[PDB]
Amino acid sequence: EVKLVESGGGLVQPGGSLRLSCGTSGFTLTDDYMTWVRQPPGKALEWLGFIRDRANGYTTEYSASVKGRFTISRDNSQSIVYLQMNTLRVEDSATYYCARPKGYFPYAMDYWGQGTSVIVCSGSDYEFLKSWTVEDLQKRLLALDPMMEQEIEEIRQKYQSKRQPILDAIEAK
Amino acid sequence: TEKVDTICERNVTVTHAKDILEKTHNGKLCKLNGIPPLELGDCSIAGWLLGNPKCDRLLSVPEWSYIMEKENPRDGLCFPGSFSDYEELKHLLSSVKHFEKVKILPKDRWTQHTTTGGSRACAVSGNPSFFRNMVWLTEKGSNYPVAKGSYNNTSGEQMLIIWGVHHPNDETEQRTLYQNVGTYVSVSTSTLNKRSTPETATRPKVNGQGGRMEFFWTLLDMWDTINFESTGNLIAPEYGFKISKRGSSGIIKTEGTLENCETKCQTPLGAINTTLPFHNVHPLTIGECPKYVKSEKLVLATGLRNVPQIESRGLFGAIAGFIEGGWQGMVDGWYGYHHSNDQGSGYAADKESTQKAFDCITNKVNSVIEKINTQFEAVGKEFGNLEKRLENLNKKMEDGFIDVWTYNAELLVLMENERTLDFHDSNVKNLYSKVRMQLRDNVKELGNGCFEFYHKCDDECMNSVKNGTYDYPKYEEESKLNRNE
Amino acid sequence: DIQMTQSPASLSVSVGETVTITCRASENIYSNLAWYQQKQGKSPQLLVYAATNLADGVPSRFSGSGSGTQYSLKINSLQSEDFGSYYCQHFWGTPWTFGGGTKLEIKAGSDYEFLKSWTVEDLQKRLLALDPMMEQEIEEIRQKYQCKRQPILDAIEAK
Amino acid sequence: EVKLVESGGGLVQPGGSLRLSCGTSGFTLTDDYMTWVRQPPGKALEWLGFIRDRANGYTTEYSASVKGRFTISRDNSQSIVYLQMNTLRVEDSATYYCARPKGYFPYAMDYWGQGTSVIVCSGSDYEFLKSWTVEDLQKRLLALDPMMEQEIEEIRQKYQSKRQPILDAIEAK
Amino acid sequence: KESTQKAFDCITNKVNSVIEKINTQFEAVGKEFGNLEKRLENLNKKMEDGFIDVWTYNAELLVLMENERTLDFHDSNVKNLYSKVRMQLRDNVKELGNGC
Amino acid sequence: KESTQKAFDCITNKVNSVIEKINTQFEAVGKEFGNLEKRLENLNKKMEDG
């Protein structure tokens, strides 16, 4: 009953760097095939890379797409493994899972953490964007927030509209 | 569906299991080993040794095998005071079963001091009175001659002599009681010497009195003459508690009350009567009753792994072997043979081997039981406020042992469960092997555990196979003839 | 309910060779059987279970055999201590009925005019096994006469 | 080495009731096939009935003669089993044994207690018996006791007469 | 795959059950004793020291036994596997005698 | 010869490993306690006895 915790992700500018980490609770007979995997919000789950234990060298096996971009290694002294984000792109936006096969051999990636989302949204160029002073930025803030709410209450009320089935079937047995 | 835990798996289903942890207790404080307890009730040990007004049913208590006591004995030590070395006295009582409250120094001795003891806080329905065993020396004739009491041990056993001194609250009150100041109380025996000096000072109003009683207790071992000497403030004992016998008693801090039973053990929650070797009821047992372990259940898988089979029957009149799993239809014993002869199919156990296995299990658990023989009278000692370290030590020590034994119990059955389960499996293999090695080349090893013969075998030859006397050369020629073609 | 009897009913014979006590059966009790020795004045012991297996205390002088609806026990070397009631009991049919039982003694050879050449161990064997059932008969007469007294009490306190 | 104790029997009027009990000492791996059996002083030992443990219901299997007369059940809380005598008859007079097979399976009724005798003697009718006053009862008491003794000393001296074999063979080696 | 997963589950459950059974005093801080309480101090030390020794035993020997408990267990599995295959191929195989 | 020597080595190493694992208090001398320290004495006894 080992709980894999993880942290590090959030909002990052493209081309930045980030310190992802997943750490392990509970008594693991082995933490050999430590693995980092990711799932974009598009639900195309893709495997990233390895890291192993003392016994056979702290070797790694990265995906071809991420051969040199991300770097996986562990600082074994506190039973945590780090993944470095470098040279970030828009595609990197995904919820990242720490994963691990229980046996000494790979049979099932069968311990998954809650996942940490990482979000690299485009349109952050400053070709024309830094020209505006405090006032223009504040005015677009005060024009974008209200529509933010009314849109999300609209989505929540239509979710309620598709959810009354439960509200009716409870009294309908 | 009795499930047991073993070293390898968890919640394994077994055919039979014998829980060896007595989780249950009747819950009533009952007489132990024929000898009734000492039903104190609301009076503390000090209250009984002094004989408060609140409990005069104790003036001659028949022999007790254990003592109870409420957690906060509101009706003990009526006069606001202390009791020097209370806990040593309680621990001594833990190893004493019967007192006899012999006279040592009756009120007749003190003809020069008024023996009238008075106390507002310890009143008897509004009247001033005092502990029965203590006499409250005061001045006589506006004078306090030097009290000089003595005693020579005669009864042939250690006598508990309990006395005290008075710390008055006022100089005026000191003098109006004893007519002199600079008072001392000397008590000397052949080994004890103690010269207490009462001091009068302002003390917080407790039960209306500022002054206190210091109480001391001692043992007159063997013809040890005791000498009380005082120029006042002494609270003499008129009652020396000779101890009738040694023994093994205890103090149970329980609020219950005595009922009628007969149990060789007794615990603060309730009595324990069982043949099991462990119990998670309460550590502070008394007498002949089993070890305590912090566990919740100890199930010994005496049975064998209860694997059902798929039950595809009625087609060919014969059954599948032990490879696919056990037979629901076998009731005669753990291990056996199903013989599908031409005179009629039928199960039949192997009585000898299953009896051997049951003897092995029983001897295993019994040997474990015999090896466990530890401290019997694990009663709970008491410690004063300034002995906290010691108390902690005690606790830790005691607690450590419980933990160790819990381990030594839990893991044991854990290992033993595995020790048993595969053992059963082993037996079956042996049985199969034995039969396979007694039927060298006359059987098609049907591969599910069976043996489908080459020669027409009546019930007699198969009965011979069962009891290990099968005659191979008798059927060798016919079996070879059938096998060749 | 099945029929189970000791064909060689209660007998008397000397010591030192085989005695065979046989047990019948109406239907197929496979081999589950029990052979009990009962010394008069003591609780029954156990000799053979499953019709051939010896008890915990193996006398090395008893043996069993049989199958189906036909079983037997043989004492290959009878001795003085082996005197008592012998029972066969089946455990197959739901009524665990018992056998008729067989008594074993000597043809009046217990007096010294017959066992002059026998050993001296049987002397203390008989000293050990003599008293208890003598008391048992004494208190048997005592209890029958107490029950004969009981009506007198009943009528005394009746009125 | 479990000692089966038992108690309850004695002198009972016909048609009465009695609380037989047998209890168990020592550590029994199972007390499953608890069994009550009886032996009349006529040495025709007869099996009475069962009682089992938790695992398979506290079921019973009584003899046909005693289907409804005696009732076997256990109060497991103190590891004892009771047998109730109801509707007693003269035939019920027997020494009752508690018995028990050691294994989980019935192979031998191989634990027997000392037995408790129960005695239902006839002739206790009061068709004509209660008429007598204290004096007649006392006189038949004082006429039946003396013959009681002289008869039992007669039987004891003839037992001695048949027992001198030992008294002679001790000095005869 | 199936049998090796079963074996790994057995090992993991074994060590985990050992772990759960070990639950002892938590706050084992060190008490202090004055110069005239030397006896008491020694007692404490001895008591504490004894427990350490016991647990050392109860640990060391455990893994010792458990190591044997495991090793032959593995060997046992292989035999079973072989036996199973040998018992599923009754008379269609030349038992090549090296395990094949 | 080979197999019996292996078995004897196994037995000897077994008992020897048990022996090495047992290393406890050396100077288990008996302390003394005064009459008013009875509790402490009992504690000691119990501890040691345990």
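In order of appearance the chains are A, B, C, D, E and F, and numbering begins at 1 in each one.
Note that a contact is a pair of C-beta atoms (placed from the backbone, for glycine too) under 8 Å apart; a residue touches a chain by one contact, two chains touch by 3 or more.
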Self-check item: Rounded Å distance, chain C centre to chain D centre (Cα mean)
Solution: 18
Quiz item: For chain B and chain D, what's the span in angstrom between their mean Cα positions?
Solution: 37
Quiz item: So, what's the distance in Å between the C-alpha centres of chain F and chain E?
Solution: 22
Exercise. State, to the nearest whole Å, the distance from the C-alpha centre of chain A to the C-alpha centre of chain B.
Key: 58
Quiz item: What residues in chain F touch two or more of the other chains?
Solution: 40, 43, 47
Quiz prompt | chain A residues counted as touching two or more neighbouring chains | solution = none
Quiz prompt | Residues of chain C whose C-beta touches two or more other chains | solution = 32, 49-50
Quiz item: Looking at which chains touch which, would you call it a line, ring, star, complete or other?
Solution: other
Practice problem: Determine which chains touch and list them pairwise. | Solution: A-E, B-C, B-D, B-E, B-F, C-D, E-F
Quiz prompt | Residues of chain B touching chain C in the complex | solution = 332, 346, 348, 351-352, 355, 463, 467
Quiz item: Hey, which residues of chain F end up touching chain B in the complex?
Solution: 35-36, 38-40, 42-43, 46-47, 49-50
Quiz item: Mind pulling up the chain E residues that touch chain A in the complex?
Solution: 1, 4-5, 8, 11-12, 15-16, 19
Exercise. In the complex, go through chain B and note every residue touching chain D.
Key: 2, 16, 18, 24, 26, 273-277, 302-303, 331-334, 349, 351, 354-355, 358, 361-362, 365-366, 369
Self-check item: Residues of chain E touching chain B in the complex
Solution: 9-10, 13-14, 17-18, 21-25, 28, 31, 33, 40, 43-44, 47, 51, 54, 58, 62, 69, 87-88, 90-91
